[PDB]
Structures are given as C-alpha cells and as structure tokens.
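K.L.:
My structure is below; once you've seen it, I'll send some questions.
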Amino acid sequence: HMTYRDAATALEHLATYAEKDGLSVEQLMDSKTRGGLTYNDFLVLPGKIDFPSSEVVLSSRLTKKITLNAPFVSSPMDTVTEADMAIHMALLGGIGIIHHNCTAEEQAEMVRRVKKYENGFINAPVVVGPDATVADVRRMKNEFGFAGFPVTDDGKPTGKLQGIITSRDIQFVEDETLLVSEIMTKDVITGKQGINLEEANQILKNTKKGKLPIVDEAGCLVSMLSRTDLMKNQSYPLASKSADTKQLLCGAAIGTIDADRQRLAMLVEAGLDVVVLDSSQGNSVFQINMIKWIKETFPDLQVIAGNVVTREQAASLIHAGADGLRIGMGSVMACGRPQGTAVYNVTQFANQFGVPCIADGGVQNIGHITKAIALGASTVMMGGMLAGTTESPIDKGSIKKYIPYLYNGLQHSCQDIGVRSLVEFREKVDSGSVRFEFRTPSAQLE
Amino acid sequence: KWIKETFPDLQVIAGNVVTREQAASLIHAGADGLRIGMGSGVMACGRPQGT
Amino acid sequence: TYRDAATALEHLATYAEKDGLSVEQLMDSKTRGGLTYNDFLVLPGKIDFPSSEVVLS
Amino acid sequence: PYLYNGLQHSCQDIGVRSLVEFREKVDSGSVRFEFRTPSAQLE
Amino acid sequence: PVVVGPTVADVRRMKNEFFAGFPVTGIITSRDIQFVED
Ligand SMILES: Nc1ncnc2c1ncn2[C@@H]1O[C@H](COP(=O)(O)OP(=O)(O)OP(=O)(O)O)[C@@H](O)[C@H]1O
Ligand SMILES: Nc1ncnc2c1ncn2[C@@H]1O[C@H](COP(=O)(O)OP(=O)(O)OP(=O)(O)O)[C@@H](O)[C@H]1O
Ligand SMILES: Nc1ncnc2c1ncn2[C@@H]1O[C@H](COP(=O)(O)OP(=O)(O)OP(=O)(O)O)[C@@H](O)[C@H]1O
Ligand SMILES: Nc1ncnc2c1ncn2[C@@H]1O[C@H](COP(=O)(O)OP(=O)(O)OP(=O)(O)O)[C@@H](O)[C@H]1O
Ligand SMILES: [Mg+2]
C-alpha cells in the first residue's frame, strides 16, 4: 500500500543530499569543535570496490628525490635498526634508519655493510686462521651451526685466501691438536668480485662444490656463496636501491651537536643516502644551521628534519632546505601534540611544497598505518612493533614475513576505501571523496 | 544481478554496508534487503554501528 | 607542481590564524569547559637560545 | 634544581626566554594550545 | 641395519624419521640427495 521510490533512481537520489555521508578530512580535523585527535579516535569509511587488492600500488615518497615501493621506515632505535634491519627493510621495499647510540666509526661501519650488501651472498663470512686446531673448528661448528670456513692468512674475514675447511674434512680426523693447514684444501675454486648470483650458482653445479669464496684482485676474501642458500630462491623485486650505484638504500640518524658534523662526514663517506636529524623539538637555530651546512657541503645527500608537530615549525625547516619532515612529539608531557592532529596540520602545509613527511610514533598495526597516510603522511615510521623481530638487535619472527603481511594488509585497506594507490588515496582525501567518522569512547570499545 | 535473473523466486540480502553510498549502489543493483555493519564483530575501515 | 620552498615563511600569512588554539579559545566554558592540566598541551615554538639562559623569576 | 632545569627546557621548547615573556606571549596569542581527547592522554 | 630399495623425496622423509646412509636392496647417502632439484 505505502509508496516507495523506484530502485532504479537510487543513484540519482544521492544528488539530493547536500554532502556525501560522513565527514571530509577538514571537518574531522577541527581544533575548535573536536580538538586534538589520535588515530584511534576516527575511522575511514568504505567506498566502492572495482579491482583486486593485488593491483594496489604503495609507492611512497620518502624525500624530494627518494621514492620507496612501500611506506615503511624502521626507527633509529638501538632496539630496532642496525645493519641487519636496514638491509632487510630495503630488500622488502622500505628503508631503515640506523641509530646513533654508538660511535661514529661503528655507525659508519653499519652503513657500509648495508651499502655493500649483495643479496644471495654470505656478505659477512665466518673465517678461521691456519694455526687453529680441529678442536677449535668443531667448537665453531656447534656455536654457529655451519662448518664451511674459508681460511685466510691472518685469520680475518678480509685476509688473503689460503684454503677452505668444511665439515666433510673434519668429521673423521684423529689427533684434535692438528692444525687446519694440514687437513684443509689448498686449491680453492673461487669467483671474482662482481660475479652475479646466476653466474656463481652455475659454477657450483659444474664443480659440485658446497661453497664458492669470492676474492678481490689481491686475493682477499670479499664474500662467499652457499649452495644451500640459493636453493631457498628468495627474490626481492621491490628492493630499494640508489639511483646512481644501484646499491641498497640506507638511512641514518644524527644529532645537531657540533661533533655530529664530523659524524655525518663519516656516514657520507660510507655511502649514506638519507640522514634524519634526530631531535624532539627540531625548530631550532642549531638544526636550521645544520640543514644549510648539509645542503651546501654534501650535494648528493637528502635531509629529513624534525621532529615537528606544527605548521610554523614545518614552514621554518622547509625554508631552511629540508628534503622531508619527521612528525611527532610524545606520541604527562607539557609540550607536544596528538599525533593525528599533528600529521594533518603539518602535511596539509608541507604537501603544497612537495616535502614528504614521516609519521613517527603511535603506530602499532595496519590501522594506524592507513590512518596516518589518510591524514597526509607519505611514509610511516615503526619502532616498537618491529622490536623483537629476528632482524632487530618479543620473538615476533622475521620481518621477511611481517613486512609482506603489512604490505598486503595496506593493499586490502586501500581496496575497501576504493583507491588504487597511495597517490590516489591522497588526492581523494584532499578532494573530499574519502570520508571519515569520529569515534566516541564507547565506539572504540565496540 | 545474476541472482535476480537466474532465480526469480529468491530474495537477496546484500552487504555489509555502513554508508548511504554503499546502500544506494546495492539497491540500484536490485537488492531485496541490506545487512548493516562493519567492524563491530582497531580496524582502519568501518563505522560506529548506531550511526 | 609544488610551491617554492623559499616562499614557505611568507606563505604562513595566507592562514587566518596560527596553528592551534589561543588560550582564550582553549578555555571556553560553553564549548568544552572544565579542563584540568592533563586535558591539553602547549605547542612548541622556535628555539634560538640555550635553556640555561631562561629566567624563572 | 631538577624541576628548575626541567622548567627551563619546557620554556625553551615553547620558545620563551623568561616567565614574564611566557605570560606576554600567551596573552597575545603567540603561544598556542591543543585540547587532548581521552585517547590522546593514553597515547 | 636399516635399508631402502629403489624415490629421492621419500629418502629425504626417511632421514627425518630416523640417518640417511641406507643401502639399496646398492648404497645411497645424504651427500647424494642434498641438492637434487627433482
Ligand atoms: N662461512 C659461513 N659464514 C656464514 N654463514 C655460513 C657460512 N657457511 C655456511 N653458512 C650458512 O650456513 C647455512 C648452511 O649453509 P651450508 O649448508 O652451505 O653450511 P655447511 O657448512 O654446508 O653445513 P653441512 O655441515 O650441513 O654441510 C646457510 O644459511 C649459509 O649461509
Ligand atoms: N669452493 C670450493 N672450491 C674447492 N674445494 C672446495 C670448495 N668448497 C668446498 N671444497 C672442498 O670440497 C669438498 C666438499 O666441499 P663441501 O663444502 O661440498 O663439503 P660439505 O659441504 O662440507 O659436506 P655436504 O656437502 O655433505 O653438506 C670438501 O673436501 C671441501 O673442503
Ligand atoms: N649544535 C648545538 N649547539 C648547542 N646546543 C645544542 C646543539 N644541538 C642541540 N643543542 C641543545 O641541546 C639540548 C638537546 O638538544 P636535542 O637536539 O637533544 O633536543 P631533545 O632531543 O629534545 O633533548 P631531550 O631528549 O633531553 O629532550 C637542547 O637544549 C638543544 O637546544
Ligand atoms: N642405516 C642405519 N641403520 C641404523 N642406524 C644408522 C644407520 N645409518 C646411521 N645410523 C646411526 O647413525 C650413527 C652413525 O652413522 P653416520 O652418522 O656414520 O651416518 P649419517 O648418520 O648417515 O651421517 P649424516 O647423517 O651426517 O649424513 C650409527 O652409529 C647409527 O646409530
Ligand atoms: Mg654443506
């Protein structure tokens, strides 16, 4: 009996409403009405799905000149990012920022291993000298779990290669005091530095040998291939690499004190790609001077300044020449800002100048990542949620599984919202197509 | 659309939706009812159920 | 097309207000009265001096 | 002294050289504030 | 004196259960099956 509208007019009828359902980003982030928000205070509303999640592209600008295939950045914490974390973050499409709670020499070495790392090779081989006993070798086999040790004249990883000693050589040996030199293979098949993974593998098939030490023109060991390792066949088609040298990208943090000017020189000399100026209140004369000295002194270095939480801070450090900004303060404290409000107001100002911003702090799951980007962040930094992983200095497993899980999770969230890439996500938020809803305390518990 | 053409005596409830635009889309497609709710069963995408 | 970084400071004048709330806007009984210290934060400004120079008279 | 030094640093972060200056800048609108939602406090 | 007569994947499973030095009933050991693709 009662009269309803014809279903065929349903789409036409959406035009009778003054606004799309939900709030635009500007309406959500109103300081007067709704105050400082964090990620947990709101949601992104779903849109229309007309594509699979596998098609979503997550390219993200880290700096004006550096672009990553994933918006993930590991934090410069001594519990999070050292050389091992930076290598795998780069391999999986992001980047690591090595901490500076160490000597300048130690930091430069860690940067060096990242820049020199070659996938598929044992880049830091365990070695033994010739004057050691079989008993010494066997002890190493139990502690490390592998026995394939090349022997160098000085017993150091970079010494001149004399031979190779493996488990097969020492399994049945009597008289444990005998030296490695007596038992070892003197004539070692090797490969020249610069051989590629395919070329090295074929040599192992031809020679049916377990290991292939790699030596330089002076005969010093550089790396080694394990036949077992290639059999896993791990590939990294999203690896983050420098444009010029095609080496893995590497980042590093420093302070603004005078001693850190020499610290950074050592990092640049190790091949550092991007430096993060590490400070809780970055809008200072000390950091501004530091930015200007870097841009004139190291012409090929990208600089991320911070931390900032306000538009005024952002404008100051952009004027000084920053290549990116790091957003966050305290996400009890007197000075700071709720992270969501911070990201929105900085990035709304900074994105007009093309300065990408890292959202640093308060990220614990895929939901925080999506919301951080939704409010204007180009990349997101991760600390606690990466601590405890295998590649960190709890028991969360390897980031080789975790980062793809987060990568896949961010693809699905983009699909639900209805955007095919982070570039499109940014445009749709800023045009008002993507909609948001503020959450009451009860809703969060729901 | 395939259901409404293939099974003439079958009623279809589509979902889940939480927004007007979602609802308008699935009604235009021919839904006989809608199922409302997203994230009430932390997550990035959803809406408080009452709203 | 992005804005020139050299204009960043000049561009702050295009906004009607500074980022954040003034104290008068924060302490509005009608909008959100009844605040304690834990209900707000002070936003940071610009550092151009060491902390040892601050006078607490 | 710990509290004395702590108040100096917080004044530095805000950008004021003295408590007299702190008062003047607040009352002129130069010092800015942000209201915290309950979720922000737990953060 | 365990032994196994005439595939390579079945020999990798028998090593886990037990030792891969099993004569064909004439010998196959771990070294032979370590890096076999098929
Ligand atoms: N010299 C080395 N330095 C570091 N890692 C090594 C070294 N030799 C082997 N490995 C690692 O040990 C693991 C096994 O490789 P491999 O199986 O080739 O060692 P093995 O010495 O061959 O052990 P087995 O006694 O089982 O023959 C791989 O992950 C490989 O990277
Ligand atoms: N790259 C190499 N060039 C020349 N000889 C090698 C090389 N690598 C290992 N050898 C020697 O050749 C023999 C086999 O090397 P392998 O490393 O294959 O033994 P294992 O790997 O120790 O035992 P398994 O092969 O059972 O894991 C050993 O005597 C070893 O010393
Ligand atoms: N190059 C410099 N020359 C002089 N003083 C400096 C320099 N760099 C930093 N400072 C001062 O040293 C103190 C710490 O600077 P930092 O960059 O460490 O800020 P923070 O990280 O906020 O310190 P905390 O972590 O204790 O808060 C600040 O008071 C800052 O003004
Ligand atoms: N065919 C077998 N039948 C019974 N026990 C065996 C057999 N092969 C190996 N073992 C057990 O392993 C011990 C040593 O054998 P060995 O270790 O010499 O062969 P492997 O175990 O095959 O060596 P790898 O496992 O290192 O290739 C024997 O003393 C016995 O306990
Ligand atoms: Mg081996």
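Chain lettering (A, B, ...) mirrors the order of the structure tokens, residue numbering begins at 1 for each chain separately, and ligand numbering begins at 1 in order of display.
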Just the residues within 9 Å of region 26-43 of chain B, please, counting only C-alpha atoms, with nothing from its chain fewer than 2 positions along; format it as a PyMOL selection string.

P.N.:
(chain A and resi 7-11+40+43+365-368+443-444+446) or (chain B and resi 1+4+11-19+21-24+45-49)

K.L.:
Can I get the selection written as a compact mmCIF listing (two decimals), in the first residue's frame, with N, CA, C and O atoms?

P.N.:
# COMPACT_ATOMS: atom_id res chain seq x y z
N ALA A 7 13.72 1.77 -7.25
CA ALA A 7 15.12 1.43 -7.02
C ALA A 7 16.04 1.92 -8.13
O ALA A 7 17.20 2.24 -7.87
N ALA A 8 15.53 2.01 -9.36
CA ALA A 8 16.37 2.45 -10.47
C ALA A 8 16.84 3.89 -10.31
O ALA A 8 17.80 4.29 -10.98
N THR A 9 16.19 4.68 -9.46
CA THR A 9 16.57 6.06 -9.22
C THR A 9 17.50 6.23 -8.03
O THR A 9 17.79 7.36 -7.64
N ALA A 10 17.98 5.12 -7.44
CA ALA A 10 18.73 5.22 -6.19
C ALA A 10 19.99 6.06 -6.35
O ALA A 10 20.31 6.89 -5.50
N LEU A 11 20.74 5.85 -7.44
CA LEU A 11 21.96 6.62 -7.64
C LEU A 11 21.64 8.08 -7.92
O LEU A 11 22.31 8.98 -7.39
N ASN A 40 43.16 6.37 16.95
CA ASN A 40 42.05 5.58 17.50
C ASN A 40 40.74 6.35 17.59
O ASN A 40 39.71 5.74 17.88
N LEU A 43 37.59 6.72 12.09
CA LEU A 43 37.64 5.67 11.09
C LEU A 43 37.52 6.27 9.70
O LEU A 43 37.00 7.37 9.52
N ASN A 365 49.78 -1.12 14.33
CA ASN A 365 49.07 -2.08 13.50
C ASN A 365 48.73 -1.42 12.17
O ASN A 365 48.97 -0.22 11.96
N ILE A 366 48.15 -2.21 11.27
CA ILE A 366 47.84 -1.75 9.93
C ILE A 366 46.87 -0.58 9.97
O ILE A 366 46.89 0.29 9.10
N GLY A 367 46.00 -0.55 10.99
CA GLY A 367 45.02 0.53 11.08
C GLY A 367 45.65 1.88 11.32
O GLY A 367 45.22 2.89 10.75
N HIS A 368 46.67 1.93 12.18
CA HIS A 368 47.39 3.19 12.39
C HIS A 368 48.12 3.62 11.12
O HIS A 368 48.21 4.82 10.83
N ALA A 443 32.50 3.71 21.17
CA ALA A 443 32.67 3.12 19.84
C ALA A 443 34.00 2.39 19.74
O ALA A 443 34.07 1.28 19.19
N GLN A 444 35.07 2.98 20.27
CA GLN A 444 36.37 2.32 20.25
C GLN A 444 36.28 0.95 20.90
O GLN A 444 36.87 -0.02 20.41
N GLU A 446 33.61 -0.90 21.08
CA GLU A 446 32.78 -1.75 20.22
C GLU A 446 33.64 -2.63 19.33
O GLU A 446 33.94 -2.28 18.19
N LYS B 1 22.84 -9.21 -9.69
CA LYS B 1 22.11 -9.16 -10.95
C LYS B 1 21.91 -10.55 -11.52
O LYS B 1 20.86 -10.85 -12.11
N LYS B 4 18.97 -12.26 -9.50
CA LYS B 4 17.62 -11.79 -9.82
C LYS B 4 17.16 -12.31 -11.18
O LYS B 4 15.96 -12.47 -11.40
N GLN B 11 14.88 -14.24 -2.68
CA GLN B 11 15.13 -12.92 -2.12
C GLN B 11 16.61 -12.80 -1.74
O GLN B 11 17.21 -13.77 -1.25
N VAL B 12 17.19 -11.63 -1.98
CA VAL B 12 18.62 -11.41 -1.79
C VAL B 12 18.84 -10.28 -0.80
O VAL B 12 18.33 -9.17 -0.99
N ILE B 13 19.65 -10.55 0.22
CA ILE B 13 20.11 -9.55 1.18
C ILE B 13 21.59 -9.33 0.92
O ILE B 13 22.40 -10.26 1.07
N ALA B 14 21.95 -8.11 0.53
CA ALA B 14 23.32 -7.74 0.19
C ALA B 14 23.98 -6.98 1.33
O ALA B 14 23.32 -6.38 2.18
N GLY B 15 25.31 -7.01 1.35
CA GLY B 15 26.06 -6.35 2.40
C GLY B 15 27.42 -6.98 2.59
O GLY B 15 27.80 -7.89 1.86
N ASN B 16 28.14 -6.49 3.60
CA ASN B 16 27.69 -5.45 4.52
C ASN B 16 27.98 -4.04 4.02
O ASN B 16 28.94 -3.81 3.28
N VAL B 17 27.14 -3.09 4.44
CA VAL B 17 27.31 -1.68 4.11
C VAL B 17 27.20 -0.87 5.40
O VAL B 17 26.57 -1.30 6.37
N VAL B 18 27.82 0.32 5.40
CA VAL B 18 27.71 1.23 6.53
C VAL B 18 27.47 2.66 6.08
O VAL B 18 27.34 3.56 6.92
N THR B 19 27.42 2.91 4.78
CA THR B 19 27.23 4.26 4.27
C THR B 19 26.06 4.31 3.29
O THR B 19 25.68 3.32 2.67
N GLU B 21 26.10 5.76 0.38
CA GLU B 21 26.53 5.50 -0.99
C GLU B 21 26.59 4.00 -1.27
O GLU B 21 26.15 3.54 -2.33
N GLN B 22 27.16 3.22 -0.34
CA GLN B 22 27.11 1.77 -0.47
C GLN B 22 25.67 1.29 -0.65
O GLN B 22 25.37 0.49 -1.55
N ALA B 23 24.77 1.76 0.21
CA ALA B 23 23.38 1.33 0.14
C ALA B 23 22.78 1.67 -1.22
O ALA B 23 22.13 0.83 -1.85
N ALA B 24 22.98 2.90 -1.68
CA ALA B 24 22.43 3.30 -2.97
C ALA B 24 22.95 2.41 -4.09
O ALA B 24 22.21 2.06 -5.01
N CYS B 45 38.95 0.61 8.68
CA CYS B 45 37.77 0.97 7.91
C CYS B 45 36.53 0.45 8.61
O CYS B 45 36.49 -0.71 9.04
N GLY B 46 35.52 1.30 8.75
CA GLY B 46 34.29 0.91 9.41
C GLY B 46 33.50 2.13 9.86
O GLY B 46 33.75 3.24 9.40
N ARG B 47 32.52 1.88 10.75
CA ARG B 47 31.67 2.95 11.25
C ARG B 47 30.98 2.51 12.54
O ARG B 47 30.55 1.36 12.62
N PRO B 48 30.86 3.39 13.54
CA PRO B 48 30.07 3.03 14.73
C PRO B 48 28.65 2.63 14.36
O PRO B 48 27.97 3.32 13.60
N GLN B 49 28.20 1.52 14.95
CA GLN B 49 27.03 0.83 14.42
C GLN B 49 25.79 1.71 14.45
O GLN B 49 25.00 1.72 13.49

K.L.:
All residues within 7 Å of ligand 2 are required, counting only C-alpha atoms and all ligand atoms; please report them as a PDB file with N, CA and C atoms, in the first residue's frame.

P.N.:
ATOM      1  N   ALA A 147      79.815 -25.361   9.120  1.00  0.00           N
ATOM      2  CA  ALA A 147      81.235 -25.686   9.186  1.00  0.00           C
ATOM      3  C   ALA A 147      82.063 -25.178   8.012  1.00  0.00           C
ATOM      4  N   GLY A 148      81.449 -24.598   6.984  1.00  0.00           N
ATOM      5  CA  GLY A 148      82.199 -24.207   5.803  1.00  0.00           C
ATOM      6  C   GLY A 148      82.987 -22.921   5.962  1.00  0.00           C
ATOM      7  N   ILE A 164      90.174 -23.714   2.154  1.00  0.00           N
ATOM      8  CA  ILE A 164      88.841 -23.878   2.719  1.00  0.00           C
ATOM      9  C   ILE A 164      88.804 -25.168   3.521  1.00  0.00           C
ATOM     10  N   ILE A 165      88.128 -25.126   4.666  1.00  0.00           N
ATOM     11  CA  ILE A 165      87.943 -26.292   5.520  1.00  0.00           C
ATOM     12  C   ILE A 165      86.463 -26.398   5.859  1.00  0.00           C
ATOM     13  N   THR A 166      85.901 -27.592   5.686  1.00  0.00           N
ATOM     14  CA  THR A 166      84.473 -27.828   5.844  1.00  0.00           C
ATOM     15  C   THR A 166      84.255 -29.009   6.786  1.00  0.00           C
ATOM     16  N   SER A 167      82.981 -29.340   7.015  1.00  0.00           N
ATOM     17  CA  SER A 167      82.649 -30.451   7.903  1.00  0.00           C
ATOM     18  C   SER A 167      83.182 -31.772   7.366  1.00  0.00           C
ATOM     19  N   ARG A 168      83.031 -32.013   6.060  1.00  0.00           N
ATOM     20  CA  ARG A 168      83.499 -33.268   5.482  1.00  0.00           C
ATOM     21  C   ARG A 168      84.970 -33.503   5.791  1.00  0.00           C
ATOM     22  N   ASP A 169      85.756 -32.429   5.880  1.00  0.00           N
ATOM     23  CA  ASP A 169      87.188 -32.569   6.115  1.00  0.00           C
ATOM     24  C   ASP A 169      87.502 -32.979   7.549  1.00  0.00           C
ATOM     25  N   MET A 184      93.331 -29.033   5.410  1.00  0.00           N
ATOM     26  CA  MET A 184      92.496 -28.223   4.533  1.00  0.00           C
ATOM     27  C   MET A 184      92.776 -28.487   3.056  1.00  0.00           C
ATOM     28  N   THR A 185      91.830 -28.042   2.228  1.00  0.00           N
ATOM     29  CA  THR A 185      92.003 -27.981   0.780  1.00  0.00           C
ATOM     30  C   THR A 185      92.747 -26.700   0.411  1.00  0.00           C
ATOM     31  N   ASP A 187      93.909 -25.860  -2.891  1.00  0.00           N
ATOM     32  CA  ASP A 187      93.487 -25.368  -4.204  1.00  0.00           C
ATOM     33  C   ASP A 187      91.985 -25.107  -4.170  1.00  0.00           C
ATOM     34  N   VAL A 188      91.603 -23.839  -4.018  1.00  0.00           N
ATOM     35  CA  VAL A 188      90.208 -23.450  -3.837  1.00  0.00           C
ATOM     36  C   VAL A 188      89.683 -22.832  -5.124  1.00  0.00           C
ATOM     37  N   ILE A 189      88.536 -23.326  -5.586  1.00  0.00           N
ATOM     38  CA  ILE A 189      87.800 -22.665  -6.655  1.00  0.00           C
ATOM     39  C   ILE A 189      87.132 -21.418  -6.092  1.00  0.00           C
ATOM     40  N   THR A 190      87.264 -20.302  -6.808  1.00  0.00           N
ATOM     41  CA  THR A 190      86.773 -19.017  -6.331  1.00  0.00           C
ATOM     42  C   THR A 190      86.078 -18.290  -7.472  1.00  0.00           C
ATOM     43  N   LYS A 208      80.254 -29.041  -8.416  1.00  0.00           N
ATOM     44  CA  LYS A 208      79.642 -29.837  -7.355  1.00  0.00           C
ATOM     45  C   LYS A 208      80.338 -29.583  -6.021  1.00  0.00           C
ATOM     46  N   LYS A 209      80.676 -28.321  -5.774  1.00  0.00           N
ATOM     47  CA  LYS A 209      81.310 -27.902  -4.533  1.00  0.00           C
ATOM     48  C   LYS A 209      80.303 -27.129  -3.691  1.00  0.00           C
ATOM     49  N   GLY A 210      80.449 -27.230  -2.369  1.00  0.00           N
ATOM     50  CA  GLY A 210      79.465 -26.632  -1.482  1.00  0.00           C
ATOM     51  C   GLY A 210      79.536 -25.117  -1.440  1.00  0.00           C
ATOM     52  N   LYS A 211      80.744 -24.563  -1.362  1.00  0.00           N
ATOM     53  CA  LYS A 211      80.931 -23.132  -1.187  1.00  0.00           C
ATOM     54  C   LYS A 211      81.751 -22.555  -2.334  1.00  0.00           C
ATOM     55  N   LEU A 212      81.591 -21.248  -2.554  1.00  0.00           N
ATOM     56  CA  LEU A 212      82.369 -20.506  -3.546  1.00  0.00           C
ATOM     57  C   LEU A 212      82.837 -19.192  -2.938  1.00  0.00           C
ATOM     58  N   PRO A 213      84.020 -19.177  -2.328  1.00  0.00           N
ATOM     59  CA  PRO A 213      84.584 -17.906  -1.865  1.00  0.00           C
ATOM     60  C   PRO A 213      84.739 -16.924  -3.017  1.00  0.00           C
TER      61      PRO A 213
ATOM     62  N   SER E  30      73.273 -39.237   2.349  1.00  0.00           N
ATOM     63  CA  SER E  30      72.783 -37.860   2.336  1.00  0.00           C
ATOM     64  C   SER E  30      73.449 -37.043   1.237  1.00  0.00           C
ATOM     65  N   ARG E  31      74.761 -37.208   1.068  1.00  0.00           N
ATOM     66  CA  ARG E  31      75.502 -36.434   0.080  1.00  0.00           C
ATOM     67  C   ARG E  31      74.886 -36.539  -1.309  1.00  0.00           C
TER      68      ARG E  31
END

K.L.:
Among chain E, which ones does DSSP place in alpha helix (DSSP H), written as a VMD selection string?

P.N.:
chain E and resid 8 to 17 30 to 33

K.L.:
Next, dump the selected residues to file, keeping only N, CA and C atoms, as a PDB file, in the first residue's frame.

P.N.:
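result00.pdb written:
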ATOM      1  N   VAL E   8      63.840 -40.000  -4.506  1.00  0.00           N
ATOM      2  CA  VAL E   8      64.660 -39.050  -3.681  1.00  0.00           C
ATOM      3  C   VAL E   8      63.778 -38.328  -2.586  1.00  0.00           C
ATOM      4  N   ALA E   9      62.558 -37.863  -2.927  1.00  0.00           N
ATOM      5  CA  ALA E   9      61.702 -37.198  -1.872  1.00  0.00           C
ATOM      6  C   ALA E   9      61.387 -38.230  -0.717  1.00  0.00           C
ATOM      7  N   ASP E  10      61.041 -39.488  -1.061  1.00  0.00           N
ATOM      8  CA  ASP E  10      60.800 -40.499   0.022  1.00  0.00           C
ATOM      9  C   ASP E  10      62.109 -40.657   0.891  1.00  0.00           C
ATOM     10  N   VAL E  11      63.305 -40.711   0.275  1.00  0.00           N
ATOM     11  CA  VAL E  11      64.557 -40.808   1.102  1.00  0.00           C
ATOM     12  C   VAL E  11      64.697 -39.554   2.051  1.00  0.00           C
ATOM     13  N   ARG E  12      64.406 -38.330   1.568  1.00  0.00           N
ATOM     14  CA  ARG E  12      64.503 -37.145   2.488  1.00  0.00           C
ATOM     15  C   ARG E  12      63.505 -37.370   3.687  1.00  0.00           C
ATOM     16  N   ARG E  13      62.264 -37.828   3.424  1.00  0.00           N
ATOM     17  CA  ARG E  13      61.342 -38.113   4.585  1.00  0.00           C
ATOM     18  C   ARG E  13      61.931 -39.228   5.557  1.00  0.00           C
ATOM     19  N   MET E  14      62.533 -40.313   5.027  1.00  0.00           N
ATOM     20  CA  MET E  14      63.056 -41.411   5.917  1.00  0.00           C
ATOM     21  C   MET E  14      64.198 -40.885   6.819  1.00  0.00           C
ATOM     22  N   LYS E  15      64.981 -39.941   6.303  1.00  0.00           N
ATOM     23  CA  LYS E  15      66.110 -39.399   7.136  1.00  0.00           C
ATOM     24  C   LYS E  15      65.549 -38.682   8.395  1.00  0.00           C
ATOM     25  N   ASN E  16      64.466 -37.938   8.197  1.00  0.00           N
ATOM     26  CA  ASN E  16      63.873 -37.191   9.301  1.00  0.00           C
ATOM     27  C   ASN E  16      63.348 -38.135  10.374  1.00  0.00           C
ATOM     28  N   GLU E  17      62.719 -39.237   9.960  1.00  0.00           N
ATOM     29  CA  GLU E  17      62.141 -40.171  10.919  1.00  0.00           C
ATOM     30  C   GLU E  17      63.223 -40.771  11.809  1.00  0.00           C
ATOM     31  N   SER E  30      73.273 -39.237   2.349  1.00  0.00           N
ATOM     32  CA  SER E  30      72.783 -37.860   2.336  1.00  0.00           C
ATOM     33  C   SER E  30      73.449 -37.043   1.237  1.00  0.00           C
ATOM     34  N   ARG E  31      74.761 -37.208   1.068  1.00  0.00           N
ATOM     35  CA  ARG E  31      75.502 -36.434   0.080  1.00  0.00           C
ATOM     36  C   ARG E  31      74.886 -36.539  -1.309  1.00  0.00           C
ATOM     37  N   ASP E  32      74.309 -37.695  -1.645  1.00  0.00           N
ATOM     38  CA  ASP E  32      73.752 -37.887  -2.981  1.00  0.00           C
ATOM     39  C   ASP E  32      72.467 -37.091  -3.197  1.00  0.00           C
ATOM     40  N   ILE E  33      71.701 -36.822  -2.138  1.00  0.00           N
ATOM     41  CA  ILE E  33      70.374 -36.231  -2.270  1.00  0.00           C
ATOM     42  C   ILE E  33      70.335 -34.790  -1.782  1.00  0.00           C
TER      43      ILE E  33
END

K.L.:
Between chain C and ligand 3, at 8 Å or less, what are the per-residue closest atom pairs and their distances in Å? Count only C-alpha atoms and all ligand atoms, order by chain and rising residue number, and return it as a tab-separated table.

P.N.:
residue	atom	partner	partner_atom_place_in_ligand_line	distance
C:47	CA	ligand 3	31 (O)	6.8
C:48	CA	ligand 3	31 (O)	7.9
C:49	CA	ligand 3	31 (O)	6.9
C:50	CA	ligand 3	31 (O)	5.3
C:51	CA	ligand 3	29 (O)	5.6

K.L.:
Please find the residues of chain A near chain E - the criterion being any atom within 9 Å, counting only C-alpha atoms - and write them as a VMD selection string.

P.N.:
chain A and resid 227 to 228 231
